[PDB]
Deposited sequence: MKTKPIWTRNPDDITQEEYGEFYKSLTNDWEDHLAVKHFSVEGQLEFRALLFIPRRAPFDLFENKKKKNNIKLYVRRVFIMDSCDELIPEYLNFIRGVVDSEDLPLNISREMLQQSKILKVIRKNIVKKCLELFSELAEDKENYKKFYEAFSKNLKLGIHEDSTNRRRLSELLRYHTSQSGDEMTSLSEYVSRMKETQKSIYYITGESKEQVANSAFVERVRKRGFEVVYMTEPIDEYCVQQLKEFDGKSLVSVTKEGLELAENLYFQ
């Protein structure tokens, strides 16, 4: 207590102490969905305590500390926009206070901080995915954000695409991954078929889904507004092109 929670060793911090700090950090009434606490050491030293909330609030999201002194809530350079739902604190032992007339140095340090935060967020999302029930709660609130991230983050494009989940003609009430779709693909199958621009009612009423389903191809059901934007940026998954079932120039032959 005398020492700030983010400086303590994760192993002897309880979930409830995390939750309480999360609740004062963010002013909400529910504890966090999930938490990731880490340090980077060696030639640069900082600690970061990061939280995924349970809701989409639906910008001023990571508090920056230098040597345990709060500086600002609006250090933009710390995290990409698609992860603006992440709440937390970062405490850097190396940044200035700040009028040491050195600015190249800050940018570089803030770059390394940012890459680590991104790395660690994706790490958490992957571990969340090992646990279906809570991954469902995360995905339901922030799936849109992973999708915006395919545009914004070239480097992590592939991993964000693995975290995506969809209803399909095969999966029924449960969701499935693009990687799961790929394993169910026919030997000769070349493309990942989907339909966007349609609510649950409109997709199930579509003749275009039926024409493709008829031939035995799995069809991905993308029924969120952002889905057309997402597929337009992803283009492919594991070398397999994404193809709209509503395209007139569709060719379905196995021959």
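Where C-alpha coordinates are absent, the deposited sequence of this PDB chain has the segments 1, 60-67, 265-268.
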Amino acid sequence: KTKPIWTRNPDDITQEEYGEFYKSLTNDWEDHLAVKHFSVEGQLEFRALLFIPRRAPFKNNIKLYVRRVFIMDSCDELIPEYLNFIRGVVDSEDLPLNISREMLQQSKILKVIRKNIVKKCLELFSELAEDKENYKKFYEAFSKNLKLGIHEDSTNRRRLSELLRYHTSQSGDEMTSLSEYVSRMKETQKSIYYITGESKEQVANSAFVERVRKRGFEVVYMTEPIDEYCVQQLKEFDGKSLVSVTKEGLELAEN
From here on, numbers count along this sequence of modelled residues.
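Higher mean CA temperature factor between 127-135 and 147-155: 127-135, per the PDB entry. Mean CA temperature factor is higher for 183-191 when stretches 183-191 and 34-42 are set side by side in the entry. Taking the PDB entry at face value, the top CA B factor among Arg211, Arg67, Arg54, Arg47 belongs to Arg211. Of the candidates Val112, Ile86, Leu164, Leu97, it is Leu97 whose Cα B-factor is highest according to the PDB record. Compared with the other modelled residues of the chain, the Cα B-factor recorded for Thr223 ranks in the middle third. Per the PDB record, residue ranking by Cα B-factor puts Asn116 in the lowest third of the chain. Annotation for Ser177: C-alpha temperature factor in the middle third relative to the rest of the modelled chain, per the entry.
Among all modelled residues in its chain, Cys230 ranks in the lowest third by Cα B-factor. Among all modelled residues in this chain, the alpha-carbon of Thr196 has a temperature factor (C-alpha) in the middle third.
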